[PDB]
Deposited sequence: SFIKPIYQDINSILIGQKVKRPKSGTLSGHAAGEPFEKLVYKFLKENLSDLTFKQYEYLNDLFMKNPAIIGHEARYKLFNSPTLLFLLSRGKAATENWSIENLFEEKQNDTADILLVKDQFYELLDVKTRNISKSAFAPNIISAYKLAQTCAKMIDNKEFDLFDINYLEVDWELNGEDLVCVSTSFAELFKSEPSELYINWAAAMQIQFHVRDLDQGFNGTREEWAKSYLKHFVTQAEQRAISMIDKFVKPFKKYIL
């Protein structure tokens, strides 16, 4: 992580001291590496004005996996112009991107209202993560990027920060990730609760996640009969 080293600094400037308000901090203390996902894409294409067409521009990523996680559609990529730049997207994989010397940190910020009942938010699609692990293995890309999370807790007429949390997805035990199939097949968890005791290699994590994903896929399929078929059979 590029943020981990300066976590204390961020935590001390947030607690009490809005959404993406952390981006400001990062874009000032790491202005050299901080980007919104859409800003990184514009930056990458502006730097190579000689490369046109989506097929060519996609090659700019130099990584089938990163291409998969960060790129926009073919049309959007081909239609990309210097006078027609990319804008933020609700569907974007990451909130903030930190890249240095060909290594990437996909950072997601999660805001939690410590006043309401605890309800783990959608973290990332378990399916997208499976395709990611598959691409990591197929292309042997095990030392290219990390997916990390920064949690910001908040709470009379103003909403101030009370604490923060930071965790790395790849440091968590794969089989411990809760996949909520109904909730758009999303992994869900509060950052503060995310396990960080995995000790294996990045390759072992990917294989372990795939076994977990496949197993949960089987379990969900069977459970659908139990909850969506059995109780309604008597009406038909």
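Absence of C-alpha coordinates is noted for several segments of the deposited sequence, namely 18 to 35, 174 to 175, 257.
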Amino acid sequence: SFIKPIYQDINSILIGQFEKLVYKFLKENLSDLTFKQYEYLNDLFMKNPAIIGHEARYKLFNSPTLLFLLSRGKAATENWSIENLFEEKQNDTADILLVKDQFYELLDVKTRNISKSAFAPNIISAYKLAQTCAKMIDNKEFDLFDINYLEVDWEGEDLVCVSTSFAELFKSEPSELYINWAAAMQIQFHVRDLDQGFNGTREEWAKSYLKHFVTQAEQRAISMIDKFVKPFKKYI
From here on, numbers count along this sequence of modelled residues.
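For the two regions 20 to 28 and 213 to 221, the entry's Cα B-factors average higher over 20 to 28. Look at the mean CA B-factor for 173 to 181 and for 32 to 40 in the entry; the higher one is 32 to 40. As recorded in the entry, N48 carries the highest CA temperature factor of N48, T65, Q186, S208. Out of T132, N113, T93, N148, the entry records its largest CA B-factor for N113.
Sort the modelled residues of the chain by CA B factor and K128 lands in the lowest third. Placement of the Cα temperature factor of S71 within the chain: middle third of the modelled residues, per the deposited record. The entry lists a Cα temperature factor for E55 that places it in the highest third of the chain's modelled residues. Sorting the modelled residues of the chain by their CA temperature factor places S81 in the highest third. Remark: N139 belongs to the middle third of its chain, ranked by C-alpha B-factor as recorded.
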